[PDB]
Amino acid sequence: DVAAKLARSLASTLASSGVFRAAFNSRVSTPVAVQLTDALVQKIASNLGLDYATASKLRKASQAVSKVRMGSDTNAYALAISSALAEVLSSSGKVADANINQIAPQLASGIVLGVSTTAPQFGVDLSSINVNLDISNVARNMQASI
């Protein structure tokens, strides 16, 4: 399915992002990871211009993150978030084979930007990362993943 392809490629791309790895890793506590994901899905909806109903379903990513055990690696969080988002977007008619190559990098870029605009609310320091460059790299990393 498109959802499986989208989830797998997005997860690999997120795990390659310096911003994403700084926020989601073996040290983040679950309450923080969930609250960060809550804030993040609001940015995803704005960064992708999603309608109100689909936007409401994005919170499934927060529920998925809540089930990840603390101490799990970046890729565990990437997979939890990506599977939830891919399922929502496919089941809501926002992605198909005809446009997955467009949606996938747009979604990954919107997530990296969203994390960069929310992680400092939880004390995550991104000062050592060029966020502009990390977003710039999403396309090449997605090519590698997809």
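Residue numbers here begin at 1 and follow the sequence given.
A.B. asks: When the Cα temperature factors in the entry are averaged, is it 33-41 or 93-101 that ends up higher?
C.D. replies: Comparing 93-101 with 33-41, the higher mean C-alpha B-factor belongs to 93-101.
A.B. asks: Would you mind comparing 127-135 and 10-18 for me and telling me which has the higher average C-alpha temperature factor in the entry?
C.D. replies: Here the higher of the two C-alpha B-factor means belongs to 127-135.
A.B. asks: Highest Cα temperature factor in the entry, among the options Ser83, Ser66, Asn47, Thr117: which one is it?
C.D. replies: Max CA B-factor in the entry, restricted to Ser83, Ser66, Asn47, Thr117: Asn47.
A.B. asks: Looking at the C-alpha B-factor of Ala55, is it in the lowest, middle or highest third of its chain?
C.D. replies: Answer is middle: the recorded C-alpha B-factor places it there.
A.B. asks: Using only modelled residues of the chain, where does the Cα B factor of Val112 rank: lowest third, middle third or highest third?
C.D. replies: Lowest third, going by the recorded CA B-factors of the chain.
A.B. asks: Would you mind checking where the Cα B-factor of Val28 ranks among the modelled residues of its chain, as the lowest, middle or highest third?
C.D. replies: For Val28, the deposited C-alpha B-factor lands in the middle third.
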